[PDB]
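Student: experimental structure and its sequence below.
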Amino acid sequence: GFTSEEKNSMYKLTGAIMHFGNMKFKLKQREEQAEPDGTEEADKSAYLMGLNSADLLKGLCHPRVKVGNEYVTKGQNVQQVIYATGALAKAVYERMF
Amino acid sequence: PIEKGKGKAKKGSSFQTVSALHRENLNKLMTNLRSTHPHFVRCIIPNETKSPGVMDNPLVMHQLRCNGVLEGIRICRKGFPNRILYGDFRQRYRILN
């Protein structure tokens, strides 16, 4: 008795967990703060979600860090982000099920 | 005044004089300015006679180059000020075109 929307909606949220693994970070050894080589990989995630596309592609690498109680910023080193993105897709799946 | 238990000073301050207290503030303050996205205003003195309406131009010139106002104007032209993201287009501008 699913609605005609919700048919596509549940598939929308479910399918991104395939899409996320594509984000291929690359070593640019001047600091090791890698940004991933593309956009399509994370866009096929973004659209299915309808989250602010700019918020996505920026915030993934440079988030606002809670330091004690205040706010600082940081770029994450390559591997830190690579695994942290892989965390995101499995984070959706645990929640969705 | 103690030297032990965390083998150091503890009650009152540590062994922190006025300079150390001020230096502690001087650290956090400077570090926290780095924690943000600054935008600047640069303002120019007209003449040293406290005279409204009048402006001396040697006085401007001397201020300009020493504060590297020209270099700022030079870098703003040459650079690419905002390092944002791609997906930002496809989502928001589906409405547009």
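Tutor: Cool, got the structure. Residues are numbered from 1 along each chain as shown, chains lettered A, B, ... in the order given.
Student: and the host helix or strand of residue B:75, C-alpha only, in CSV?
Tutor: Element membership for residue B:75 (DSSP states H and E) is helix B:69-78. The C-alpha coordinates for helix B:69-78 follow below in CSV (Å, rounded to 0.1, in the frame of the first residue of the first chain):
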residue,chain,number,x,y,z
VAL,B,69,47.5,47.8,-1.1
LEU,B,70,48.7,47.5,-4.7
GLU,B,71,49.7,43.9,-4.3
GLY,B,72,46.3,43.1,-2.8
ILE,B,73,44.6,44.8,-5.8
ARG,B,74,47.1,42.8,-8.0
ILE,B,75,46.3,39.4,-6.4
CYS,B,76,42.6,39.9,-6.5
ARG,B,77,42.8,40.5,-10.2
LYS,B,78,45.2,37.6,-10.9
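Student: quick check, stretch A:36-50 touching chain B?
Tutor: Yes - Stretch A:36-50 is in contact with chain B by CB under 8 Å from any CB of the partner chain, via A:39, A:42, A:43, A:46, A:47, A:50. Quick note: C-beta positions are derived from backbone N, CA and C, even for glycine.
Student: show me the contacts for the first one.
Tutor: Put plainly, it is residue A:39. A:57, B:85, B:86, B:87 (CB atoms under 8 Å, 6 or more residues apart in numbering or on different chains).
Student: and it, its phi and psi?
Tutor: With angles defined as degrees, to the nearest 10, residue A:39 sits at phi -170, psi -40.
Student: which residues sit against the biggest helix by length in chain A?
Tutor: Among the segments of chain A that qualify as a helix by DSSP state H, the longest is helix A:78-96. Contact partners of helix A:78-96, identified using CB under 8 Å, 6+ apart, comprise A:13-14, A:16-17, A:19-21, A:23, A:25-27, A:32-34, A:36, A:60-61, A:76.
Student: against residue A:16, how distant is residue A:91?
Tutor: 11 Å (CB to CB, to the nearest Å).
Student: residue B:71: neighbour count?
Tutor: By other CB atoms under 10 Å in any protein chain shown, 11 other residues sit near residue B:71.
Student: residue 74: neighbour count?
Tutor: Chain wasn't specified; assuming chain A. By other CB under 10 Å, 14 other residues sit near residue A:74.
Student: actually, chain B is the one I wanted.
Tutor: 11.
Student: in chain B, where's the longest helix?
Tutor: helix B:18-34.
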